[PDB]
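S.K.: Handing you a structure now.
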Amino acid sequence: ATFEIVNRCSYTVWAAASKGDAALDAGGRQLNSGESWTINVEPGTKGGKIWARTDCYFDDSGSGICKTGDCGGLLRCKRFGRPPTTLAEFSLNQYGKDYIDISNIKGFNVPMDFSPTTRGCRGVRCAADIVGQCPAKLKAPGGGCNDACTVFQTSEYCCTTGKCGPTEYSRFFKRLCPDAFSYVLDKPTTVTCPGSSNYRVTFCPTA
Ligand SMILES: Cc1ccc2c(c1)sc(-c1ccc(N(C)C)cc1)[n+]2C
């Protein structure tokens, strides 16, 4: 499938795409305000994620650091990034269907729209000012709003026993972005699309 990744933010982001144990396409790229990056993701990919990273510094060998979403110091991500990271998540061609969602389970750094560019389903979006409204205990040192699991490392926030409920922190994310996962057992906001659809991920969709 084809994913177009568009930075509509007024600031530069460094996009990333990975399935956890491997890069998706090149794995990462600088996107200045307005730039688009088209990647190809192999059909059948399960557990793919796309995210933005902010305030990065890379040397000429693609090595460095980002204040949000860093994937072990690399420009071309092979692994997932450090929270906080708004997440576009997807699994393609699973029994004839694509599954997409946005998740705030690992916090939020940049607003995002995740939409098909082919027929047959709707997109999802989380574009509220989560960073502006972020509870004080969840604010990150480098911009962004962490999830409660990352900050407090409890069974209830991280849902480690597989039994857990919504929380005060959970409900904050859910209230600003009802279409995104707010905690591990949140009622799914997954969207089902036809197998082999194509997609656009837009950072800072409203502008
Ligand atoms: C950027 C920024 C701004 C404020 C801010 C943070 C980061 S992190 C933080 C904080 C986090 C945890 C706690 N406790 C668990 C007691 C108390 C305060 N504040 C208040």
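S.K.: Of the numbered conditions (1) under 25 Å from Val13 (Cα atoms); (2) over 18 Å from the mean Cα position of the chain (by Cα), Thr154 fails exactly one; give the number of that condition.
M.R.: That leaves (1) as the condition not met.
S.K.: Restricting to the range 120-154, name every residue that is away from the ligand (no atom under 11 Å from the Cβ), surrounded by 13 or more Cβ atoms within 10 Å (Cβ to Cβ) and small (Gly, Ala, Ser).
M.R.: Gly123, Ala127, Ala128
S.K.: Here's another thing I want to ask about it. Restricting attention to the range 16-58, which residues are in contact (Cβ under 8 Å) with a residue 60 or more places away in the chain and more than 26 Å from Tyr95 (Cβ to Cβ)? If you could, list the steps in order and put the result at the bottom.
M.R.: The first filter runs over the range 16-58 and keeps only residues in contact (Cβ under 8 Å) with a residue 60 or more places away in the chain, leaving 16-18, 20, 31, 43, 50, 52, 54-55.
Once the filter is applied, which keeps residues that are in contact (Cβ under 8 Å) with a residue 60 or more places away in the chain and more than 26 Å from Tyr95 (Cβ to Cβ), the range 16-58 yields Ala16, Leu31, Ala52, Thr54, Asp55.
S.K.: Another question, then. Which one of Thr202, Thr160, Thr117 is under 23 Å from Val6 (Cα atoms), surrounded by fewer than 18 Cβ atoms within 10 Å (Cβ to Cβ) and more than 16 Å from the ligand (Cβ to nearest atom)?
M.R.: Values: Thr202 fails: surrounded by fewer than 18 Cβ atoms within 10 Å (Cβ to Cβ); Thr160 fails: under 23 Å from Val6 (Cα atoms).
Within the list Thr202, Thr160, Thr117, the selection yields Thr117.
S.K.: Can you say whether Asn104 is in contact (Cβ under 8 Å) with a residue 60 or more places away in the chain, touching a helix residue (DSSP H, G or I) at 6+ places or on another chain (Cβ under 6 Å), within 14 Å of the ligand (Cβ to nearest atom) and polar (S, T, N, Q), as far as the supplied structure shows? Walk me through how you get there before you give the answer.
M.R.: Working: in contact (Cβ under 8 Å) with a residue 60 or more places away in the chain: yes; touching a helix residue (DSSP H, G or I) at 6+ places or on another chain (Cβ under 6 Å): yes; within 14 Å of the ligand (Cβ to nearest atom): no; polar (S, T, N, Q): yes.
No, not satisfied.
Bear in mind these aren't lab numbers, they're just calculated from the coordinates by the rules spelled out. Neighbour counts are summed over all protein chains in view; Cβ atoms, including those assigned to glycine, are modelled from backbone coordinates with ideal geometry.
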